[PDB]
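To keep things clear, I will list the structure first and then write my remarks on it.
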Amino acid sequence: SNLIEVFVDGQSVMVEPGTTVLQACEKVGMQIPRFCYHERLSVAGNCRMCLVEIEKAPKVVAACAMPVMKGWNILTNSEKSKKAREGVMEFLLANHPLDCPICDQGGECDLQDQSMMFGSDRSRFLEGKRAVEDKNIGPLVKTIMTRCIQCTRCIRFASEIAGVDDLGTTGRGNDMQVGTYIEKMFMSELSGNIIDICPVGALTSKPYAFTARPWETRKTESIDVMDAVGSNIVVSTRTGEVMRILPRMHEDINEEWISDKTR
Amino acid sequence: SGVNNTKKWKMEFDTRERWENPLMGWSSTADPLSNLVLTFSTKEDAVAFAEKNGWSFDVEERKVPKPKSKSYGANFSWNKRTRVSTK
Amino acid sequence: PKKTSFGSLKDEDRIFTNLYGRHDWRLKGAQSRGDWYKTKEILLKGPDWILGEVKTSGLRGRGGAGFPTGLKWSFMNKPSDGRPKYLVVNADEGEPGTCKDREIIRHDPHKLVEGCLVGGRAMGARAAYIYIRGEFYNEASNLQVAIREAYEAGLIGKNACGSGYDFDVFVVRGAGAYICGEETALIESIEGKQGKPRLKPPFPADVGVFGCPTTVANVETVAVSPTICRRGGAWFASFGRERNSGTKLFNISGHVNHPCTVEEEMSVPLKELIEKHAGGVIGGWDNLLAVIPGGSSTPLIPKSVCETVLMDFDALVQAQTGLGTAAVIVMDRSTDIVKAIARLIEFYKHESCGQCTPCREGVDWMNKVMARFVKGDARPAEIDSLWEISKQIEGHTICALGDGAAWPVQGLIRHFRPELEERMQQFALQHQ
Amino acid sequence: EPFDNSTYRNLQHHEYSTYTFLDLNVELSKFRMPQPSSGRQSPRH
Amino acid sequence: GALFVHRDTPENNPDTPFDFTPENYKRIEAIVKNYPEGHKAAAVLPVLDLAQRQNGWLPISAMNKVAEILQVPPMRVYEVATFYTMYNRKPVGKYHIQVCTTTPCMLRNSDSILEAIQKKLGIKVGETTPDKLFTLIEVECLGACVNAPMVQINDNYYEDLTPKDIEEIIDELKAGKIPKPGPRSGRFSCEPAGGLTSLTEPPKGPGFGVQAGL
């Protein structure tokens, strides 16, 4: 019908008008690297790791917020697109503290996985590193703001998903402290899901803290029974007991969110 | 956020009794078949695998992501409430 | 026909005839200069006239954008969509070297607000939202009295200049930033938000503020509009070369004897502006080591290249820099170019909003490594390393500040490369 | 009336009170058109 | 003071008695009317500006009070306060010295000016006098880079400013007398020091170059 035609690194595909570049990539199976966009959580466009070069481009387009139109060959594996990813990632990783052994995100961290696939293999940093003072917003989720990369995924999650305005990014320049500025607490009924949207170990579950590592956690599929919603969840079991509970992908029942009581 | 796991089919079993070893607190298990999962590209071969050795058999349909109608101008609206409160 | 000897701007040729505030800067002197006259007629003629006059005017982007405003003002000129159209004047002027609009806001605001209303007719807007800089408090009250004398006279407001037009003009005094200098972060400053550059598309044109169409323009670009639309755009376009059509309030500062924001004929070699109008520089042409051509973002130019080039957009572009806001800064041999942009790049780190990672992380990383460059704590391959990250944050940022930071250091790398090598040589030698 | 060359006529910038910008701000409300309505008075409403 | 987390101190606490004088409600209602209804969050900027011009700072109580009077969540108030420069969340010493330090100014040796009020006033950068008169901060360009190194004192700046000009500016300042703002030298607004070059002949009359009907 009105589905505009467009290419993706060669092969052409029709697509609904108004669709962004990211949402055009996975139609053929391209998961372009992203760090500040969630498919069901607004559009930020600040991580800049979605940067992919279009054909005949003079500049790399941000695939998150660029609507695509007729005849735009998505140059996924292009040298400049990989160059843009390489440069932008090292900037993210530049001020990231060396906490991977002590950080629970280790083994299931998007920052780690990205650096294996789309990343360098050494450092050109020769300076100090930013040190963000920690915060405290509840006993259910830990706060380590030095590991944060300001994807702002939390503040959108609080604003729309949780319906509570208590998260923000105070400061300026390198001093983007994401938190609450004033001392406050975050126990929204979906505040537990703030852990999963975080791509790094900046937000982690205090009850699960320092209890297991992702590779050993055998996963099982079950249901939530705390509530009549009957949310689909995945139970982690290792060495014969349960450590943490994760929401499953079920657009009808729970989407990818679960209540704090369930988590 | 990566999805290079939601693309195949597996052959997982039902978990059985897992008791702690008296000495060293192990997870001694008498289920020989517990730690075994196969990988199947599509599904009917996975089921075609299933009956040929005649195991108790059931499936689950692939939870395909519904198309999210994304936008960026919605965060800056004039009447609609999709105006984002922070950026 | 082609007056290749560009220069020697006449008083009538200066569209701001009171940018110095010498005579009556208030409304009582505005109409004496030529303001608030024949405006009734040009508004009633229809939007196409101002679009037509600005086409032959060729007034390009004077806020550093470098884009023909005739196209941009007509870019969103569409029939009414229900959502009211608005106007915004970029009165930030936070660049280390931007002062002309500060003089304009303080002394020539009536032609500025008239430019909003004559422009508002062109783009079919019903209100202006000029973003006066917060540090500009004294000159903020200067255009509120200009706001005052114009509203009750029917020049602006309901029946704007007596043409059945409801265009208004609101003022938002800032609270201190440069990021709000760029229009995409400017809009959020009005839209009850911390200064964050908005991603385009959606553009400011179709939807600028509170979800409605809006237009963003540099202070002079709207301010010159009534003057070019009254006497003639072709007369304004006579000044300067091709696509360099017009004049510019050159902002002379730095190691210059008599710094002065002079509205002077544009596309003129810098030798003329420093000597004729600024009374020479500190120590003469021999003394000056390099000159910031037109803005802090624009890479500085040394005597080796700036011996002949004309200060025009096209010649500046091929000079691996930009004319921008004509913020010319002179500096001599005595000052060190590294310590010069050291304070400049430090100011950039002190401004970045931190939205996109390249600007948030790279600029601070630039500050640390360049701080070593001041003493010289880097090996020769670090300049290439500094060049590499300079290309990394160039263009990859949401806004143009990130590349606006790349250009000054990039120009310093390409020009004073041996100076960096010898400065580093002294660093290791004295600290052996 | 005669053209001057060494006279500054912007003495008001010196003599501006602390609320001067606010003093004009409170009182230009007279020349105000009906502000556009969003179908509601807040985007949380 | 370089602390983007708020410490609940007994003086600056949510219990601090902040309010507005009768004139302010006319001022802040003048803020809200300037913008279309439906999106009145624009007023969070000038309302917070109003508190700057009343309290001399922004206590956490002021930001919290701004929240409900703006019908906005309290954090959006904090975000506006924390970003922009002179939205000071910390007490300031009467007169705020904003010495312009960026490259065009320092090129004409702002350090001489910075050294001038450093040694004479006797307090370091960002500090306050023991009895609350002066506070010096090394600010960047405010928009008057053409002149000599600038000092923005509270709301009135001082341009074409020399280190010897700065000590006499603060000579009368500590006595309570405010000097004339603007370019301190013979330069009035923007003319060259060695005599004005432009603006010689009288400006043209009202309306020139008529294009027929125009």
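For reference, chains read A, B, C, D and E in written order, and residue numbers begin at 1 within each chain.
Here is the rule we go by: contacts are C-beta pairs under 8 Å (C-beta built on N, C-alpha and C of every residue); 3 or more make two chains touch, one makes a residue touch a chain.
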- Could you tell me which chains are in contact with chain D and with chain E alike? B, C
- Note on the structure: Chain with Cα centroid nearest the overall Cα mean is chain C
- Query: Given the two chain pairs C-D and C-E, which is bridged by the higher number of C-beta pairs in contact?
  - Reply: C-E
- Using the average of all C-alpha atoms in each chain as its centre, how far is it in Å between chain B and chain E? 58
- Item | chain B-chain D separation of Cα centroids, rounded to whole Å | 62
- In whole angstrom, the CA-centroid distance of chain A from chain E equals 39
- Query: In angstrom, rounded to a whole number, how far apart do the mean CA points of chain A and chain D lie?
  - Reply: 45
- Message: Can you pull out the residues of chain A that are in contact with at least two other chains?
- Response: 45, 65, 165, 167-169, 171-172, 175
- Item | Residues of chain C engaged with two or more neighbouring chains | 21-23, 83-84, 106-107, 137-138, 173, 191, 193, 199, 201, 210-212, 350-351, 353, 355
- Message: Touching at least two other chains at once: which residues of chain D meet that condition?
- Response: 3, 5, 8, 10, 13-14, 16, 25, 28, 32, 36, 38-40, 43
- Query: For each chain, which other chains does it touch, given as pairs?
  - Reply: A-B, A-C, A-E, B-C, B-D, B-E, C-D, C-E, D-E
- Query: What does chain C use to touch chain D in their complex?
  - Reply: 21-26, 83-84, 106-107, 126-127, 137-142, 144-145, 147-148, 151-152, 157-158, 166, 168, 173, 212
- Query: Along chain B, where are the residues that touch chain E in the complex?
  - Reply: 78-79, 83, 85-86
- Provide the residue numbers of chain C that touch chain E in the complex, in ascending order. 9-12, 14, 17-23, 31-38, 41-42, 45, 53, 84, 93-103, 106-107, 133-138, 170, 172-178, 189-195, 210-211, 230-232, 235, 251-255, 257-264, 276-279, 292, 296, 327, 329, 331, 335, 340-344, 347, 350-351, 353
- Task: Would you pull the chain E residues touching chain A in the complex into a rising list?
- Result: 4-6, 8, 60, 73-76, 78-79, 82-83
- Task: Can you check the complex and tell me which residues of chain E touch chain C?
- Result: 34-36, 38-46, 48-49, 72, 76, 79-80, 82-87, 101-108, 140-147, 152, 155-157, 181, 187-211, 213-214
